[PDB]
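Remarks on the structure that follows.
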């Protein structure tokens, strides 16, 4: 239930996402990194703003995913946030796409805008043998 730059990259490329129309594998990695790669323990709830940041891709439960304990959220993904806390990231990818599919775009992770769009993050993926 753990994923690292390499792994993630491999999987991504193994899934067929790494190098998406726009989202570049490197961007994914860097992103997934800025999110909370490693172990699928990326969980940070916050009632203060009826929002929760869960998922390796640090997905907010204030719009994406849901639970059923908060009859307010607008689960745009329409899935159990827990589904993003499993072993297979299939949900993370599916949701990831189901999310980016919106007019939001990777931009949502402005972080990447201040992490990826800064230096060469290719050196991070360049080594796995991609």
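Each residue's number is its place along the chain shown, starting with 1.
Determined via solution NMR.
Keep in mind that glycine also has a Cβ here, set from the backbone N, Cα and C atoms.
Swiss-Prot annotations:
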ACT_SITE  35  active site
ACT_SITE  53  active site
DISULFID  6-128  disulfide bond
DISULFID  30-116  disulfide bond
DISULFID  65-81  disulfide bond
DISULFID  77-95  disulfide bond
DOMAIN    1-130  domain 'C-type lysozyme'
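Here the features listed in Swiss-Prot are painted onto the structure.
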residue : record         : CB count, 10 Å
6       : disulfide bond : 15
30      : disulfide bond : 25
35      : active site    : 20
53      : active site    : 17
65      : disulfide bond : 27
77      : disulfide bond : 24
81      : disulfide bond : 23
95      : disulfide bond : 24
116     : disulfide bond : 23
128     : disulfide bond : 16
Near residue 77 (disulfide bond), which of the recorded positions 6, 35, 53, 65, 128 can be found within 10 Å, Cα to Cα?
65
Rounded distance in angstrom between the Cα atoms of residue 81 (disulfide bond) and residue 53 (active site):
10
